[PDB]
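Undergrad: The structure follows.
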Number of protein chains: 2
Amino acid sequence: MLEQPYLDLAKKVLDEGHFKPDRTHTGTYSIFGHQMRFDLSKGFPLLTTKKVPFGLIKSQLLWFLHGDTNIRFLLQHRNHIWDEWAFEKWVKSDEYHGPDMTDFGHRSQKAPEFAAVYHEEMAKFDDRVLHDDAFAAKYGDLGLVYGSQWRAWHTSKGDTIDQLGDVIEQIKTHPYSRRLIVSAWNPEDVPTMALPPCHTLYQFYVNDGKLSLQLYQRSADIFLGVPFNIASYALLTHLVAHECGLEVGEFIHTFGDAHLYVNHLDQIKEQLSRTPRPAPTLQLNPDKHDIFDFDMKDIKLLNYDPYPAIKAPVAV
Amino acid sequence: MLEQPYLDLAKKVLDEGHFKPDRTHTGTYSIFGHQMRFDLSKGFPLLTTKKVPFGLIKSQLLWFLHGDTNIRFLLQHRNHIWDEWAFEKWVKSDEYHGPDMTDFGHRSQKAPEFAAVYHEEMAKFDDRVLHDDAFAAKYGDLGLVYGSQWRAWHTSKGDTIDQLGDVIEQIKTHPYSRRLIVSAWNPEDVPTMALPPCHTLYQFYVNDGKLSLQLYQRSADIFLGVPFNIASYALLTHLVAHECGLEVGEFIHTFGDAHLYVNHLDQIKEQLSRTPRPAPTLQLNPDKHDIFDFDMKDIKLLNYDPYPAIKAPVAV
Ligand SMILES: C#CCN(Cc1ccc2[nH]c(N)nc(=O)c2c1)c1ccc(C(=O)N[C@@H](CCC(=O)O)C(=O)O)cc1
Ligand SMILES: C#CCN(Cc1ccc2[nH]c(N)nc(=O)c2c1)c1ccc(C(=O)N[C@@H](CCC(=O)O)C(=O)O)cc1
Ligand SMILES: *c1cc(=O)[nH]c(=O)n1[C@H]1C[C@H](O)[C@@H](COP(=O)(O)O)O1
Ligand SMILES: *c1cc(=O)[nH]c(=O)n1[C@H]1C[C@H](O)[C@@H](COP(=O)(O)O)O1
């Protein structure tokens, strides 16, 4: 069925993959250079062999398309993907006078009262972020995320370039070019960023009547992040298309380093004894047209039947 | 042998390729999303089935790595790839008081004394560019080429970021990351450029002892430009490697729109009856280390045996 691309690249790696040392010191298994494509007419690429949550997926992409770079939207929307990130600027300053959640990362996991205390201090960041307007303002703003990359790229002369918006319109106007590229990689900001864009660039394309998209990813977690990244880029392709009056052709995913962690091998093996069930379907509220106007409810996923969700030891 | 990637993608297109309208109005045949890789241990990827000139290739890449954005280096080096470009800013101004080489493009080809007059006026641009220091200065400077992209990216606060240089050093220092990316796509300059970077981004990678590279190209001419683009990116990989004390693994080429023109189908067919001969070899001056110091002579190509060069009707 549709997710076989995913099972085949997971085969690739734990077989042809050659180990690589790492940033949070649990080795990985890496391949470099890899493409796979999913034809969005057969159905939507979420995985039936592991539960992948389409609610977090959804909230996250929608925050991207508003230009939002503030976790307040994500926290009132039961999304926490990005929490740690901002909680990491909080704990290192003038203000943090509390019980040191410093270096909290693996420290939370295979370590002491970093089940509570850590996980009890987040209530404090996530409450104040939801309430104190003066709080989110500053500590819940996350600076440079996909929002500023996609809709407010920063130029020399102060201005903000909505390069995604410009793009979408470029599409309705000149559907046949090679030039529908949004880059999330800006070199002067790259030097000093905690995570600089992993989803690095993407190209849109009009086929004959169909839209396609191609994502270049430079670094990609096969078990943990990849399932997700597929559904968010296939959502984008449905969303841009409903907007320009189009049919959906394929989403193509090109990889720089796709890599599995040793933390994750017994667990992908487990995925692998399951045999993919039918591909789910997507219905978009047809009344509304204009994707920046869409909201949680306007995007339904029909006929999804998941194999149980495999338990993720993260790395650090 | 090594160039089969190229013959297979040419098969792809004139067979699976679906026509696409175009910018200089001679239709094309297009596929979207495509990867191929060449293992640089078996030899160097120049094509034995068509003459591809390694001198222009060479001069061109070397101009890139000096930060140069001025055709004076290229013209005293028998390279003319980029001429028309600057001759196009010349003919539209204050200064051009001559015999109107206006719109000169297909106008040169299937049209009157645009064999001479056109091709006789270039002597004037290319002479003055070689001599008048005050000429190259201004009209032979080509502004934003791969040189400024690769070694002087333009930031907000005046500064120039040598993102290729930084990269190479990043390599010697942290050989194992996902972060060796050079982007030639800057969104604020993109809006208004005659040709904005086609060779859009590339990722370097250290294998176990070997360097690899991956080029994302957004738009790619299969008969005319692709032969070339392979040899320049495989040269870069040999050059960066000799510098960091490394072995050469692969060059991987990922395509956005790879496309053939109707102008070119009888001619690629012709390529195709030939059967690739042995792959050539590359010797780099081993004394010199530091690629920005290299020069024409320091790069030899041994054992190249070409099939005759097929005559290129360009498009416009
Ligand atoms: C894009 C992307 C994926 N991403 C982003 C992202 C960012 C940095 C990374 N860093 C590393 N080392 N590996 C990754 O896979 C990774 C992924 C994620 C971020 C957090 C969680 C997480 O633990 N929080 C979930 C837990 C629930 C679940 O497991 O279903 C949460 O929402 O609370 C998961 C994925
Ligand atoms: C990168 C790249 C390729 N490029 C750059 C480049 C830029 C714009 C393009 N535009 C279009 N429509 N198609 C292309 O293939 C193309 C290629 C080239 C540029 C000029 C010539 C050319 O006619 N001049 C050669 C002729 C000699 C020969 O045919 O061997 C010369 O050097 O004088 C060839 C390739
Ligand atoms: C990048 C960012 C994101 O949103 N999700 C991801 O999958 N990642 C991953 C990639 C890699 O596993 C790690 C960061 O890579 P690097 O060490 O910085 O090169 O998080
Ligand atoms: C891009 C620039 C270059 O150095 N060499 C190339 O091969 N090209 C090509 C791509 C395409 O054939 C044409 C420009 O594409 P677009 O119409 O601007 O999208 O020249």
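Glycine too: its Cβ is placed from the backbone N, Cα and C atoms.
According to Swiss-Prot, the record shows the following:
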{"type": "BINDING", "residues": "A:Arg23, A:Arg178, A:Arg179, A:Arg218, A:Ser219, A:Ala220, A:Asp221, A:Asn229, A:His259, A:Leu260, A:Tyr261", "note": "dUMP binding site"}
{"type": "ACT_SITE", "residues": "A:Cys198", "note": "active site, nucleophile"}
{"type": "BINDING", "residues": "A:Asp221, A:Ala315", "note": "(6R)-5,10-methylene-5,6,7,8-tetrahydrofolate binding site"}
Undergrad: So which binding-site residues out of A:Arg23, A:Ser219, A:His259, A:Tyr261 end up within 10 angstroms of A:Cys198 (active site, nucleophile), measuring C-alpha to C-alpha?
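TA: So the list is A:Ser219.
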Undergrad: Chain B proximity: which binding-site residues among A:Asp221, A:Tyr261, A:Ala315 have CB distances under 8 Å? Answer 'none' if there are none.
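TA: The binding-site residues close to chain B: there are none.
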Undergrad: Rounded to a whole number, how many Å is the Cα of A:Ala315 ((6R)-5,10-methylene-5,6,7,8-tetrahydrofolate binding site) away from the Cα of A:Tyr261 (dUMP binding site)?
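TA: Computed Cα spacing between A:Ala315 ((6R)-5,10-methylene-5,6,7,8-tetrahydrofolate binding site) and A:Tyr261 (dUMP binding site) is 8 Å.
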Undergrad: Find, among the recorded positions listed as A:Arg179, A:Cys198, A:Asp221, A:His259, the one whose Cβ has the highest number of other Cβ atoms within 10 Å in the structure shown.
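TA: Top count of Cβ atoms within 10 Å goes to A:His259.
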Undergrad: So, three-state DSSP: helix, strand or coil for A:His259 (dUMP binding site)?
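TA: Where A:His259 (dUMP binding site) sits, the three-state DSSP reduction gives strand.
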Undergrad: Let me know the DSSP-derived helix, strand or coil state of A:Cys198 (active site, nucleophile), please.
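TA: Its secondary structure by DSSP: coil.
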Undergrad: List, in sequence order, the same-chain residues at least six positions removed whose CB sits under 8 Å from that of A:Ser219 (dUMP binding site)?
TA: A:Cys198, A:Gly256, A:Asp257, A:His259
Undergrad: Sort out for me which one of A:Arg23, A:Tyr261 has the most neighbouring CB atoms within 10 A, since those are the binding-site residues we care about.
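TA: Highest number of other Cβ atoms within 10 Å: A:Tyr261.
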Undergrad: Where the criterion is a Cβ under 6 Å from an atom of ligand 1, which of the binding-site residues A:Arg23, A:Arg179, A:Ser219 meet it?
TA: none
Undergrad: Out of A:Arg179, A:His259, A:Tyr261, A:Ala315, which binding-site residues lie by ligand 3, with a C-beta less than 6 Å from some atom of it?
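TA: Those binding-site residues that pass the cut-off are none, since no Cβ is under 6 Å from ligand 3.
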